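Visitor: If you scroll down you'll find the structure; I have some questions about it.
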Amino acid sequence: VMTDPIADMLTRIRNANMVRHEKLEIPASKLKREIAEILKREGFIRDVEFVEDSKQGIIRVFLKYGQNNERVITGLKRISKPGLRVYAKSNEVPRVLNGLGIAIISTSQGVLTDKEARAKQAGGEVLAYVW
Amino acid sequence: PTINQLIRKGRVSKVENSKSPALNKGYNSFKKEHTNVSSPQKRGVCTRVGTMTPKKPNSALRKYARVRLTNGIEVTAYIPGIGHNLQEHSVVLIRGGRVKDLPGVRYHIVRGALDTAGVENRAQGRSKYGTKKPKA
Amino acid sequence: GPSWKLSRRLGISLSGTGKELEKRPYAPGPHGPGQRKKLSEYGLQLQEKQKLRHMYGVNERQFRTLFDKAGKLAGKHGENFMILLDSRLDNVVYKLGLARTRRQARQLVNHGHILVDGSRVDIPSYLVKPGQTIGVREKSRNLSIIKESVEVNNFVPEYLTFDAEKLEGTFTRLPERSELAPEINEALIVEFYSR
Amino acid sequence: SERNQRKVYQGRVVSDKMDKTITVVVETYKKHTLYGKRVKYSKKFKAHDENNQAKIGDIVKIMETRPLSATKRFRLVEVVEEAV
Amino acid sequence: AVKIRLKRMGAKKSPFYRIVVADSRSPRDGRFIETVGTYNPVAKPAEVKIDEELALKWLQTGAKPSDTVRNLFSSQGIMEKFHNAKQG
Amino acid sequence: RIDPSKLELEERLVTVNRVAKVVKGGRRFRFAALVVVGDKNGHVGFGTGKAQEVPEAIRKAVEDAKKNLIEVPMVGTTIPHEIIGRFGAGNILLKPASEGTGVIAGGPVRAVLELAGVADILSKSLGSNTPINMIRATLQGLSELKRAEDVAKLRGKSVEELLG
RNA sequence: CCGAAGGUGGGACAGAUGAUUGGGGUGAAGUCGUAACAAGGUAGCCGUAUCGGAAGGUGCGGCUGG
RNA sequence: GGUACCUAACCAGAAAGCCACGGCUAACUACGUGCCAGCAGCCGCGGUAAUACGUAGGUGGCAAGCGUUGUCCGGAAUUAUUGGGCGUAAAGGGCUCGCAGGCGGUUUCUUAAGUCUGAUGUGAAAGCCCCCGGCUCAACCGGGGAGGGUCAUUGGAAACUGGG
RNA sequence: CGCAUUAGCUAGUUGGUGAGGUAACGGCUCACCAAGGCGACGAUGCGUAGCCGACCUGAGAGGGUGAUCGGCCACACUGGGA
């Protein structure tokens with residue numbers, strides 16, 4: 001069943017935000033690894049680590065609460081659901097909260113961010129809003 | 001619902017019914033059928049000119065003229081202003097206006113029409129009720 | 001047309017002077033010298049919109065089309081609309097100092113002719129581009145009204161330069177909105193035409 | 001001066017039962033005007049097999065051509081993958 | 001058949017003509033094959049604009065202009081190139 | 001933090017409802033006013049007040065409004081980013097607008113955003129039209145707003161690495 | 001030979017209209033009861049059968065929305 | 001068609017009306033009427049002190065236009081892809097097994113149907129939009145460009161969807 | 001483009017061979033065979049409608065319209081023919 005695991009990892013990060021948990025295990029497909037690498041390099045995460053194992057592997061996330069109790073990530077969203085996939089052209093790539101958020105968009109040359117896909121001027125699957 | 005359910009059943013849009021249906025039709029004489037014309041006004045012949053009353057709390061006697069139209073339908077229309085030319089068997093031009101108070105009545109007789117004379121003693125609200133600029 | 005009456009109703013000096021509000025600052029009429037009530041949000045938008053359109057005497061067809069043309073430009077919207085009504089030729093004539101009102105500057109364009117870059121313009125709504133030397137022909141060269149408005153001295157605004165004898169009004173870069181009007185609150189009128 | 005190129009498809013044979021012809025399901029598939037999701041449609045064409053080199057369940061390409069009869073407008077190019 | 005011809009554009013009292021390669025069959029404002037630039041009659045000065053190479057391309061495939069379009073070609077000087085082409 | 005109320009405030013009101021309570025004798029009425037109070041430099045608040053009279057109710061509403069104040073980011077005299085405020089079947093989106101538009105908003109939303117000092121808002125109410133829940137919905141949407149400097153400090157980042 | 005119209009026939013569909021008829025709605029402070037709302041004076045409702053001027057009653061089973 | 005156009009003579013002289021004014025909705029008093037006449041889009045007024053009726057004054061809106069009607073669209077997120085729901089308000093089939101259909105855990109290779117990108121043709125002219133020009137300005141015209149295709153042909157990518 | 005309270009519709013219809021016809025391939029027309037063809041991705045039937053560039057509205061997605069101008073179509077008192 002499970003019907004898509006990317007939306008499930010985004011809700012797992014969101015529930016760890018709302019509980020204010022500090023670590024997460026996520027079952028780590030390769031696109032999940034690249035998403036967490038993007039969220040690492042954009043400062044939404046402290047650090048991300050991989051646990052390569054026998055079942056499917058584990059990726060662990062260290063949620064970043066920079067000040068007193070401040071969820072840097074307020075909300076997540078999945079755009080292309082498995083049953084309505086969404087694809088944006090390069091002159092339609094959405095820039096979110098105009099600059100203050102971001103959209104994870106996996107084009108033909110690497111799983112890119114907003115600015116990366118904008119500077120490479122290509123579009124593909126549009127698979128996360130990250131606020 | 002779901003997207004596949006939206007693909008195979010769709011969103012069915014809500015039905016629109018007109019507020020004034022006797023204006024919303026027409027008639028051709030030899031085809032013997034009942035065309036959809038959607039017309040603003042209709043002249044028709046009065047079949048009964050009386051007066052009768054509304055239903056509930058508002059209680060003041062209304063005006064009530066009954067007109068048979070060019071599509072064939074008898075409707076009770078309303079004559080708003082004070083003092084009318086009209087008799088039975090009078091040619092009457094009808095515009096669309098709902099009278100909430102009297103039930104069954106949803107049209108106005110155009111005042112200033114082909115035979116509906118302009119109203120008596122009026123200087124304010126000139127264009128409604130038909131009257132010309134009197135003198136000054 | 002009183003047109004003092006418009007000023008005391010709107011509560012603003014539409015000339016901008018001690019006249020027309022002294023001795024009678026209330027609006028008009030039998031319900032005027034009593035304490036009238038303050039207006040709503042709708043009333044505030046009507047106040048600012050009608051301040052501006054009764055300054056310039058515009059019908060709302062032309063007033064909306066100039067609102068739209070200011071929208072066709074870039075930048076801030078209500079500033080550009082101020083700029084378009086301060087490029088209007090009756091306003092250019094009244095800010096060169098050739099009239100005591102904007103009706104007199106309208107009548108200069110209507111019959112008591114005034115000339116732009118040559119032949120003539122009989123039309124007040126002419127948007128005036130920069131660089132345009134505006135003067136009068138040798139028929140109406142110096143008659144009683146232009147003589148009076150030369151004797152009376154207004155300020156020339158910094159988006160204009162005006163000569164006495166040669167009477168050519170020339171321009172500069174753009175009329176900045178610090179210079180234009182202190183009393184009219186823009187961007188309540190943009191909100192009024194946003195609806 | 002090379003002449004103009006004709007339209008080309010690939011598809012899949014439904015039936016062999018017509019004399020020297022087949023019908024071909026092209027499964028190119030496209031999205032909506034409104035909901036945007038991408039749904040499938042099967043388009044079966046009548047195509048001429050002059051050698052009768054077809055089988056039920058055969059992926060085949062077809063080229064367009066002159067109208068070969070009523071409802072026939074297609075012919076074979078390259079029978080790619082055979083049925084088992 | 002094929003004719004390089006003026007094509008009426010403009011307001012009521014102020015005509016305008018686009019020099020337009022159309023057929024004699026087709027209506028005057030109607031369908032047309034391709035265009036070269038323009039013709040202002042109602043200007044008090046000049047201002048004809050001819051493309052000067054695609055009009056020449058249509059003259060040689062066979063497209064005979066009407067008289068006013070021909071003498072506009074002569075005024076801009078494309079008919080001298082066409083007579084030089086016949087001298088070629 | 002709790003905003004100390006020592007500022008200059010303009011204190012205009014949204015509604016006064018007449019609000020009844022039935023006793024053995026009959027109806028006993030009060031006036032429940034809610035008033036939005038704030039300067040136009042980035043501090044907004046609102047408050048409810050109930051009394052037998054209208055002006056004492058407005059007094060208590062202005063006092064409780066000065067008690068509860070909120071802050072609003074004015075990035076380029078607008079709001080920084082589009083947000084939906086969702087207090088309880090009142091949902092109101094707020095877009096930044098261009099610099100000429102003015103506050104395009106309905107009554108209590110318009111009162112909040114004009115007494116906020118924010119000048120250029122596109123906005124829309126996607127829910128019920130009671131004044132109380134619309135003002136609560138706006139302040140839910142204005143509490144969750146974010147400054148680009150503080151979010152750049154949150155991401156271990158710089159402003160130009162976000163804003164461009 | 002094909003062939004429009006016409007002719008004959010039995011159907012199919014569609015609109016008017018029809019003695020008479022059945023329920024529905026809306027309407028005056030009409031008549032008969034008071035079924036429901038409280039333990040509404042027999043807790044109510046749901047399904048089903050039956051009976052009864054009528055709301056309804058009663059049986060069986062279910063529900064608490066006692 | 002002595003038509004646009006230009007110039008001179010004469011007199012403020014020839015030239016302003018329509019709708020509304022409780023709230024929505026900017027704009028109010030008086031007299032008459034007295035659940036009558038009537039108003040009304042809605043809440044609903046009016047039964048002798050009517051800012052809701054009729055008149056007069058006033059005010060407000062626009063303006064050679066104004067108002068009503070009829071139909072579209074908006075408001076209506078009240079058909080919701082953007083943008084709604086289903087314990088009790090409308091709304092979970094009495095419940096199952098399953099055909100078609102829809103959706104598919106992981107790693108890897110390849111393909112290129114989907115996706116994105118380049119080039120070419122093309123989506124006529126006029127129209128909407130941008131930039132300039134001419135009609136007394138403007139509408140309109142004119143010029144130049146942009147725009148609008150899941151469009152056709154052609155070439156790359158292989159992350160993702162599908163195929164193997 | 002609306003209806004499933006329209007679920008089955010076809011028999012020159014669906015293919016073949018041969019002939020004829022047409023500017024031309026072709027059930028376009030005829031002979032002879034085969035039992036085929038279209039179909040829940042909505043056939044058939046009924047109802048409505050000239051289609052479009054465009055026009056009105058809308059923040060847009062959309063919804064409505066198909067006057068003028070322009071492209072294509074169809075018709076010419078009704079049906080058939082050359």
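Naming scheme: A, B, ... for chains in displayed order of the structure tokens; residues 1 onward per chain; ligands 1 onward as shown.
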Which chain I residues are at most 12 Å from chain E (counting only C-alpha atoms (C1' of nucleotides)), as a list in words?
Guide: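 Residues satisfying the distance criterion: residues 69, 70, 71 and 72 of chain I.
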Visitor: Please, which residues of chain H lie no more than 9 Å from chain D when the count uses only C-alpha atoms (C1' of nucleotides), and can they be set out as JSON, numbers by chain?
Guide: {"H": [81, 113, 114, 150]}
Visitor: Taking the DSSP assignment computed from this structure's backbone, write out as a PyMOL selection string all residues of stretch 120-177 of chain C that belong to helix (DSSP H, G or I).
Guide: chain C and resi 144-151+177
Visitor: I'd like the neighbourhood of residue I:10 as number ranges by chain, where a residue qualifies if any of its atoms comes within 10 Å (using only C-alpha atoms (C1' of nucleotides)), though same-chain residues fewer than 2 positions away should be ignored.
Guide: I: 13-14, 37-38, 44
Visitor: May I have the residues from that selection written out with C-alpha atoms (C1' of nucleotides), as a PDB file, in the first residue's frame?
Guide:
```pdb
ATOM      1  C1'   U I  13     -22.813  -2.894 -42.906  1.00  0.00           C
ATOM      2  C1'   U I  14     -17.401  -5.141 -41.993  1.00  0.00           C
ATOM      3  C1'   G I  37     -17.524  -4.266 -38.182  1.00  0.00           C
ATOM      4  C1'   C I  38     -18.596   0.074 -33.983  1.00  0.00           C
ATOM      5  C1'   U I  44     -26.524   3.726 -31.553  1.00  0.00           C
TER       6        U I  44
END
```
Visitor: Within 6 Å of stretch 67-72 of chain B, counting only C-alpha atoms (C1' of nucleotides), which residues show up once you throw out same-chain ones fewer than 5 positions away? Write them as a list in words, please.
Guide: residues 26, 27, 44, 45, 46 and 47 of chain B
Visitor: For the residues selected in the previous step, produce a file with C-alpha atoms as a PDB file, in the first residue's frame.
Guide:
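Output saved as again-v4.pdb:
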```
ATOM      1  CA  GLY B  26     -42.017  32.444 -27.252  1.00  0.00           C
ATOM      2  CA  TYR B  27     -44.267  31.029 -29.936  1.00  0.00           C
ATOM      3  CA  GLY B  44     -50.705  40.590 -23.920  1.00  0.00           C
ATOM      4  CA  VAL B  45     -54.419  40.944 -23.411  1.00  0.00           C
ATOM      5  CA  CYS B  46     -55.918  41.371 -19.934  1.00  0.00           C
ATOM      6  CA  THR B  47     -58.205  38.482 -19.039  1.00  0.00           C
TER       7      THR B  47
END
```
